[PDB]
């Protein structure tokens with residue numbers, strides 16, 4: 012499951 | 910000292926010895 | 162591999178109005194409009210690393226440097242000054258050798274192309290940082306670029322002669 | 773000091789074949805234009821000084837020439853043009869000078885529109901770069917980069933020249 016920048020930032 | 914030589918002057922000199 | 166600040170990268174993208182959302186392992190080309198080397202465009206190709214090999218998120222994100230020529234037409238591209246891009250890409254610098262020329266790393270100079278118009282040679286500040294193999298590759302590439310430039314100057318001189326002729330007889 | 777052997781009789785043949793009436797002196801500087809060589813069919817430059825006699829001006833049994841680290845000025849110097857293989861008969865083991873010096877008139881990177889030697893100028897080949905040292909490469913690169921700046925300026929000037937010329941041609945149809 013590759014993450015996007017927003018998907019990493021909300022973490 | 911002798912003067913500086915041209916090319917032919919040298920060739921003529923070499924033709925001596 | 163060097164540190165990547167995701168927050169600053171997001172800010173950098175939004176400021177340019179780019180709707181793109183880069184992924185993990187995403188290959189990004191960078192057009193550095195200016196840096197310590199002066200005010201002339203240079204290129205660098207990087208890759209984002211957000212997680213590990215098992216896709217578990219890294220609380221300290223990274224980016225790696227890929228040693229390949231940036232192709233602005235077939236690649237995702239961010240442009241801006243080095244100082245600004247360093248807010249995201251920590252310790253970012255020029256790549257090895259002719260690669261810094263990007264679309265001209267292979268020495269292909271094209272008439273009418275804006276990237277060929279923007280191309281400028283290496284400064285003496287750049288060369289003091291280079292190895293012999295590095296310096297040879299740059300010199301080979303600049304030679305290829307010059308060959309194209311000289312052919313283009315002959316073509317220009319031929320057309321100018323022809324147009325002034327055509328103008329003379331039609332005036 | 774870099775000195776190699778000189779065949780005087782071959783030099784006489786070369787000068788006469790080029791209709792050069794005068795014979796050079798001992799200690800005279802010769803500017804050479806190498807029209808072609810191992811590097812390619814592009815023109816290169818080398819500077820030499822003749823040694824026909826020793827310190828007491830006694831003629832040498834085997835004359836020599838020395839390579840001078842200075843850029844050739846074809847406008848002011850005694851010049852000989854020809855291929856490397858023809859000049860190697862007179863100047864034994866003749867090769868290219870160090871760094872940008874090989875460019876001669878453009879060793880200083882002074883590129884000019886209309887200058888014959890700027891038009892004849894060609895950058896270094898891959899055979900040349902393989903032989904160079906780090907300092908040579910950095911020097912050559914410095915000069916070629918300055919020539920590039922000049923060439924870029926002339927390209928943008930020709931683009932405006934061509935454009936305005938086509939415009940004045942179009943209004944006259």
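Chains as they are written, first to last, in the numbering used here: chain A, 12 to 22; chain B, 910 to 926; chain C, 162 to 332; chain D, 773 to 945. Every residue, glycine too, gets a C-beta built ideally from N, C-alpha and C.
request  = Mind listing the chain B neighbours of residue 828 of chain D? Cutoff is C-beta to C-beta under 7 angstroms, in chain order.
outcome  = 910
query = Using a Cβ-Cβ cut-off of 8 angstroms (strictly less than) and excluding sequence neighbours within five positions of residue 304 of chain C, which residues of its own chain qualify?
reply = 268
query = Roughly how many angstroms lie between the CA atoms of residue 866 of chain D and residue 859 of chain D, to the nearest whole one?
reply = 8 angstroms
query = Can you find a CB in chain D that lies within less than 8 angstroms of the CB of residue 333 of chain C?
reply = Limits of chain C in this structure are 162 at one end and 332 at the other, which puts residue 333 of chain C out of reach.
request  = Would you check if the distance between the CB atom of residue 226 of chain C and the CB atom of residue 259 of chain C is smaller than 8 angstroms?
outcome  = no
task = Could you give the DSSP three-state label for residue 302 of chain C: helix, strand or coil?
result = helix
message = My output table needs one value for residue 945 of chain D: the three-state DSSP class, helix, strand or coil.
response = coil
key: chain A contact for residue 260 of chain C (CB, 8 angstroms cutoff)   = no
query = Distance, Cα to Cα, residue 224 of chain C vs residue 188 of chain C?
reply = 10 angstroms
message = Alpha carbons only, please: which of D:850, D:919, D:926 and D:864 is nearest the one belonging to residue 776 of chain D?
response = Selected option, being the one with the closest Cα: D:864.
query = Unbroken alpha helix (DSSP H) runs of length 4 or more, entirely within the stretch 862-939 of chain D: which are they?
reply = Taking 4 residues as the shortest admissible run, the stretch 862-939 of chain D contains the following complete alpha helix (DSSP H) segments, listed from N- to C-terminal end: 888-892 and 898-903.
task = Name the two residues that bound the continuous beta strand (DSSP E) containing residue 858 of chain D.
result = Element bounds for residue 858 of chain D: not the beta strand (DSSP E) but the alpha helix (DSSP H), 856-859.
inquiry  = Please state the DSSP three-state secondary structure of residue 374 of chain C.
reply    = Since the first and last residues shown for chain C are 162 and 332, residue 374 of chain C lies out of range.
ask   = So, does the CB of residue 168 of chain C fall closer than 8 angstroms to a CB anywhere in chain A?
value = Yes, its Cβ sits closer than 8 angstroms to a Cβ of chain A.
inquiry  = Counting only Cβ pairs nearer than 7 angstroms, list the residues of chain B close to residue 825 of chain D.
reply    = 914
query = What residues match up with residue 190 of chain C in a beta bridge as DSSP calls it?
reply = Looking at the DSSP output, residue 190 of chain C shares a beta bridge with C:206 and C:238.
task = Could you check how far apart the C-beta atoms of residue 210 of chain C and residue 218 of chain C are, in whole angstroms? I think they sit under 8 angstroms.
result = Their Cβ separation, rounded to whole angstroms, is 11 angstroms, which puts residue 210 of chain C and residue 218 of chain C out of contact at 8 angstroms.
message = With distance defined between alpha-carbon atoms, name the residue in D:796, D:827 and D:813 nearest to residue 821 of chain D.
response = D:796
ask   = Using 8 angstroms as the threshold, is the stretch 894-912 of chain D in touch with the stretch 303-319 of chain C, meaning 3 or more CB pairs across them?
value = Touching, yes, given that three or more Cβ pairs across the two stretches are closer than 8 angstroms.
inquiry  = Is there a Cβ of chain E sitting closer than 8 angstroms to that of residue 795 of chain D, yes or no?
reply    = The structure shown contains no chain E; the protein chains it does contain are A, B, C and D.
key: Three-way DSSP call (helix, strand, coil) for residue 162 of chain C in this model   = coil
inquiry  = Between the alpha carbons of residue 940 of chain D and residue 329 of chain C, how many angstroms are there, rounded?
reply    = Going from the Cα of residue 940 of chain D to the Cα of residue 329 of chain C covers about 11 angstroms.
Neighbouring residues, chain D, relative to residue 308 of chain C (Cβ below 9 angstroms) = 894 and 895
ask   = Along the chain, where does the alpha helix (DSSP H) that runs through residue 921 of chain B open and close?
value = 916-923
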